[PDB]
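# Fold and geometry: a report
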Amino acid sequence: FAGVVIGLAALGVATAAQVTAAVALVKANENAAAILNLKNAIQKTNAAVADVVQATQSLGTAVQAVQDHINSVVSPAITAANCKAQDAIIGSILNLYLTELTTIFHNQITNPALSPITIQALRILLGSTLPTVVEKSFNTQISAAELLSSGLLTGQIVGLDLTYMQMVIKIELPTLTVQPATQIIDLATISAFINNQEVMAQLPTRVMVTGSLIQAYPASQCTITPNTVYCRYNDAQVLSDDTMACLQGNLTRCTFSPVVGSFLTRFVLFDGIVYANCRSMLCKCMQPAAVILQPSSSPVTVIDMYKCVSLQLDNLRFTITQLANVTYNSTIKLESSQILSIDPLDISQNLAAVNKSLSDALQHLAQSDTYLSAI
Amino acid sequence: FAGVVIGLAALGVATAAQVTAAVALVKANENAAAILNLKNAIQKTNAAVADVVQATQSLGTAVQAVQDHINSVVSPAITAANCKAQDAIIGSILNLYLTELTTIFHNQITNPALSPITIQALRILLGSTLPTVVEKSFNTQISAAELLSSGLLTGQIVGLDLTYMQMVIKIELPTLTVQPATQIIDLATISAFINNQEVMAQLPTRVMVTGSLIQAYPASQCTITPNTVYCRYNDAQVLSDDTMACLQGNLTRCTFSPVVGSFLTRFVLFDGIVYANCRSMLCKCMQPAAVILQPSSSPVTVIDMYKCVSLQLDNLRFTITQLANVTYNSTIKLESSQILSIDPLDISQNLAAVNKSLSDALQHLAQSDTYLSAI
Amino acid sequence: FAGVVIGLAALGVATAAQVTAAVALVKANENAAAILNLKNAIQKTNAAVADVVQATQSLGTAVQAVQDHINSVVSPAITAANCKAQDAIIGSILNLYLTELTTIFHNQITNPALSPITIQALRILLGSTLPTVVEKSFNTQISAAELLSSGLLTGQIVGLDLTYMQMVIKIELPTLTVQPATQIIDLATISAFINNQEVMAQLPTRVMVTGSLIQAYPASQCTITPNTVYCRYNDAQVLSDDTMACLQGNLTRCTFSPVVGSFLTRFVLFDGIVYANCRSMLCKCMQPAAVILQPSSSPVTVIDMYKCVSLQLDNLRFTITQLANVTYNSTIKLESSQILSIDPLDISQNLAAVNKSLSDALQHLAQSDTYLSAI
Amino acid sequence: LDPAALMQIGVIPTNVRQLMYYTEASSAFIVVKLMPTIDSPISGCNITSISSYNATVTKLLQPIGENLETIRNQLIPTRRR
Amino acid sequence: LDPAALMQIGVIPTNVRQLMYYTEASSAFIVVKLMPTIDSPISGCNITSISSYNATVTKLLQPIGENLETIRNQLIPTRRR
Amino acid sequence: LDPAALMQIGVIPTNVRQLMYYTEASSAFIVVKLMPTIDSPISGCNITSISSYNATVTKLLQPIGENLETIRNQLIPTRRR
Ligand SMILES: *[C@@H]1O[C@H](CO)[C@@H](O)[C@H](O)[C@H]1NC(C)=O
């Protein structure tokens, strides 16, 4: 039973995440209560960042985002001499923070207290104190620079005293574990020249692969590093049988759309070799000197060392090096029916033409039934 | 014909909103002129916020976004010794404001003076003075906190003096009337298990309902509160007959798409009642102790107090004291043709196969055309 | 560059843009090295902006984004007393800057040094020094204001000394030349009334036109002025034969979708003429007094001075003092089959219905080969 | 709308809100001073900052300024004066 | 996934990464003081700024505060959690 | 393109613009000092905020620095030019 929660009906209509957050919030009662118990002590301390202790034991950190800036401009004494001057400068500091607050706190929803606090919202709320807070209160092996510069950090409000204007917030740093046998792979396209058209293959730009399973995985909110992707949640999407088959190497199941080609989308470098559309672009081999022609049987050209040792592509000049494990039968037969637009207006024009073609068959069917049944 | 306007060709090519803005601009003539008439007085005043008064009556408010900062850091006399140091901070203060100004004023279009000044743009433009202007320039029931944190406020430039560098802006707070017999409804989907697939219904996420009429209504550029949606404009969209039928309860006209399910999209709480996909997710009841199973003919499961008084959903444990309204009201028989992808690549693939099939029908139609004619 | 580069393998997998950038990086070796050779001097100089000069020769500009602020808050002599306050204010200033740095340098990709520094990133990087830099570092006719407010300036990191924390960046200002015989044209739509429905034409909103060639040309990244579009990369898209045909005046090949009309989308001003949907909107002429009626075979109404001299459109009243040229007839025959929705959900529903119809036209065929073999 | 039937296929009405429109607007006039006032006496010193900001800001608002004047000069009310 | 075939039609895998998932979360509590402390003694002066900032912020945080109390009051753990 | 026909169905050409491209660029070198200078004399204290700012900015930039070094060290322009 752990600790069965009573009274979820008070949430009204809530999502799984909101329920989960609601549970966590009440699970945080005692800590939030304990911190807010010290609201007066906290309020009297004049500091940008200060330790929250209870009987020598630290409970958290009190931060004040405009504290130093106030200290640096406020007169050692405020009198009727100052007043107008002091109230001017102070008021502009507070008001600026207030304008910032109003960009992250806008109640539009049923349960405003359950919305996550993002890193963006955290920067606004903590100001210059954010780096200090991250640097201290996370005994981790992930650098502050990485924590600050990504979406790993996330907050939840677990307390709020309106009289003292103190907001207790719980920041969580997810400890991450690799998912075994899984890869996230990003796919780019250069143009290919297929059945007299410059085209690009239409596929997801980022997929998840585990064994024989492939799914679109456009990790959009996720934290990406060069070797790892971290998702707080999931956003995978089902791929059609055709896209799956295409991605598994049945190139006749692939879809290509015509494109306006350009230099920058006609080739890539791949560990020292070049994959280029040498039909839509001039691939000039300098050593051995020759123009690299691309047969129509090859959608793209593999320019390895056997084809060219020194290459010129417009203003680019560089040498090609050996790459192991590069294989290709390079002679693929594709059908022109694979070439089409996936633009909604274009599809609907395509559909409208089929619907029309069909109506002419439904007619012919009727003529051929009265041509029959007369016999 | 009070009050006609002549010379609309001056606008070049313009939208209705632009024309409307043009007409409001020339109405503002007298008001803008009376304000700019005091540009000398306005300029001499050293204040961040200040009243613009013409013969004991107020026309508006004069704001200076960086003034209090400037007042604070400049010495009470500028010498030849100072110069370098004072040119530094003053310059750094102005160049910062200048950099912000360049983020809201780009020369892109025909009639730049008619473009609305948004709250983001007002924030940049007024700086720390904005909360003071909102707190004093409007006498409504609407709190300053709500005015600052919403898109309710909007402005139009109605005057400008490049020599004195003074820009007159007209700020408009709308006065809002509830539109009768109209609701804006937000729709979310949890996954359902249908014809052996975990799927989700494909529907607009926000709709407008008036009587028997239903339209899609993303309140994208709108101000949204827990009970209310304010739209300056009207961005409704026409729904198809199928989507309409489906939203009115003919569930055999719905469209579902296979999804990668997850815990957080397999259930909601709806006033204490759980709506859950208990096939794709383990629905464990603690009292009476049972795993709630979901039969095929039940796309989702309703769990109220009669089914389970204490539920565990993975790590969530909670009681259920409420009761569901038990309108069945009939058989939920869904076909498999309702399960499909609305992703454009997928539709494209589908259409191509439908067209491939039509060509087969067409040829067989020309073939039967022959056997019949050969009689 | 010009010059043959060895060792591209070191890039791993790289796009043409990345290869190009890396070649530029090595071209800048000398320039970066010379500036960084003065890192000691540069660091000793207290200045927000200062010239980097060697042997009466300026190599570039050294900038310090927070220097003036630090200068105006730092005690003339740090002692044991002010040390707590001095470190407080200093720490806040660096930490705020640090926070801003972490918003532009997330480490996500393979070759991070090749990523372009956008103007948004430059603003953060240089702070208030950016206006000073742009004004001095470029000998051009294009104003500072245009440079600061557009996306014309990009940077590339060409040098970095980590010990001295100095980053050399190359900023490029493009030198732009009109492409001959080519226009970029923006298309807006008002609603039309066609075959008893209020609709809008479905077309790309921005096109590139050269000769008889038309392509879709959104210029989302591009820098746009009232007369000119500068794009770094040509991002054109191929249009279908139907869209081409429609755009070239064959109105029977156009596509229209039903819309929820509004006032602001029912008319436009065009050089003093009004083009309006006078069926869905009341077009009330004041002089001569009439209501302009729109025959259902005119999709929109042209209101020039022949039809009206003083027009009222709800609350707008204006004179029409321009004459339209008789590029007619206004009478246009369009089929209802041209009216359809291009929303993916809708297309998919229409495809399903077409598939169903075909499904049983094929069935009606197989059970017509049954009647044709029994005869 | 049939909320009960929709929930049987997992479609959930999460919010029900009223729609507002407006009929009239409360208005206020603002004067943005783009150039701060510097009151302290300047003796033997050229503050290059002020003029450089002046120049660039002025150029930035040129198009808006030219547009206001065109409109204010050529868009004339037959009733307002 | 067959990269060798994909590259023959111009499909280039540019990155291959590991997928991480969350299992345990290290936690930390923070108090944000929205109101800043003024230790300077004030005499013959009403700093009207403190007051209007207070009032406006307080209103900005009404809904959060009320949601916090509602949930604390209605959502009761049997023996937590 | 036939704008006349198009206006008959409510398609309005609102802007006609020239297309620009570039054949060369003017460049300028900026060196960004990430660490400000403190000419104030220090007596009997440690400005600890400078060090931690230093470490963090340094860790933030390591991947870029590593990448520049790699490229500068292994991407070598052959003779001539
Ligand atoms: C700005 O510059 C112009 C032209 O130099 C000058 O006439 C004007 O008075 C200045 N305005 C302000 C407020 O600096």
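## Quick look at the site of the ligand
- Taken together, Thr163(B), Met35(D) and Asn54(D) make up the full set of residues adjacent to the ligand.
- Surrounding the ligand are residues belonging to chains B and D, so the site spans chains.
- Within the backbone of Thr163(B), an N or O atom sits 2.8 Å from a nitrogen atom of the ligand.

## Topic: the UniProt feature "coiled-coil region" in chain A
- As annotated by UniProt and renumbered to match this structure, "coiled-coil region" occupies residues 26–54 and 350–375 of chain A.
- Taken end to end, residues 350–375 of chain A has its terminal C-alpha atoms 38 Å apart, with 81% of it in helix and 0% in strand.

## So, the environment of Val5(A)
- Among the secondary structure elements, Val5(A) is positioned in strand β1 (residues 5–6).
- Considered as a pair, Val5(A) and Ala361(A) are 356 residues apart in the sequence and their alpha carbons are 64 Å apart.
- Setting aside residues no more than four positions away along its own chain, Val5(A) makes contact with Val23(A), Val26(A), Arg317(B), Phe318(B), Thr319(B), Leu75(E), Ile76(E), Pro77(E) and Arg81(E).

## Points about the pattern of salt bridges
- Counted under the stated rule, the structure contains 19 salt bridges over all chains.
- With a closest N to O distance of 2.3 Å, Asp242(A) and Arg253(A) form a salt bridge. Here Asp242(A) is found in helix α9 (residues 241–247), whereas its partner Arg253(A) is found in the loop between α9 and β13 (256–258), with 11 residues between them in sequence.
- A relative accessible area of 24% places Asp242(A) in the partly exposed class.
- Put simply, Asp186(C) and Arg206(C) hold a salt bridge, and the shortest N to O gap is 3.0 Å. On the criterion of sequence distance, the pair formed by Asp186(C) in strand β6 (residues 166–189) and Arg206(C) in strand β9 (residues 206–210) is long-range, its members being 20 residues apart. Per residue, the accessibility class of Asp186(C) equals that of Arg206(C), and both read buried.

## Quick look at the sheet that holds strand β13 (residues 256–258) of chain B
All names here are of chain B.
- Within the open sheet, the three strands sit side by side as β7-β8-β13. Their pairing is antiparallel. Each edge of the sheet is formed by a strand with only one pairing partner; in this case those strands are β7 (192–194) and β13. Between one strand axis and the next, the sheet turns by 50° as a mean value, whatever way the strands run.
- Bridge analysis of strand β8 (residues 197–201) against β13 gives three bridges, and the strand direction is antiparallel. Residue pairing for β13: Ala-201 is matched across the bridge by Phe-256.

## Structural notes on helix α7 (residues 129–137) of chain C
- Turning to α7(C), its buried residues number three or more, namely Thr129(C), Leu130(C), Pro131(C), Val133(C), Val134(C) and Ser137(C).
- Close packing links the buried residues of α7(C) with α5 (83–101) of chain B, β3 (49–53), β4 (58–63), α6 (119–126) and α8 (144–149) of chain C together with β1 (11–33) of chain F.

## With respect to the UniProt feature "disulfide bond" in chain A
Residue and element names in this part refer to chain A.
- The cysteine pair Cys-222 and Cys-231, annotated by UniProt as disulfide-bonded, shows a sulfur separation of 2.0 Å, below the 2.5 Å cut-off, so the bond is present here. Taken individually, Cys-222 and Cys-231 each receive the classification buried, so the pair is uniform in this respect.
- At 2.0 Å, the distance between the sulfur atoms of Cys-285 and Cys-308 falls under 2.5 Å, matching the disulfide given in UniProt. With a gap of 23 residues between them, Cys-285 in strand β16 (residues 284–287) and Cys-308 in the loop between β18 (301–303) and β19 (310–313) connect regions that are remote in the sequence.
- Since its relative accessible area comes to 2%, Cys-285 is described here as buried.

The rules behind each value
Residues numbered from 1 in each chain as written, not as in the entry; some residues may be left out. Chains lettered and ligands numbered in written order. Heavy atoms only, no water. Near = heavy atom within 4 Å. Polar contact = N/O pair within 3.5 Å; in protein donor to acceptor, adjacent residues only side chain to side chain. UniProt positions renumbered as here; feature names shortened; annotations may be inferred. Helix = DSSP H or I, 4+ residues; strand = E, 2+ residues; numbered from the N terminus. Contact = heavy atoms within 4.5 Å. Salt bridge = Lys/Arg side-chain N within 4 Å of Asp/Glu carboxyl O. Buried < 20%, exposed > 50% of the residue type's maximum accessible area, 1.4 Å probe, protein only. Pairing = 2+ DSSP bridges. Axes fitted to C-alpha atoms, helices over the stretch in contact; angles between N-to-C directions. Disulfide = S-S within 2.5 Å.

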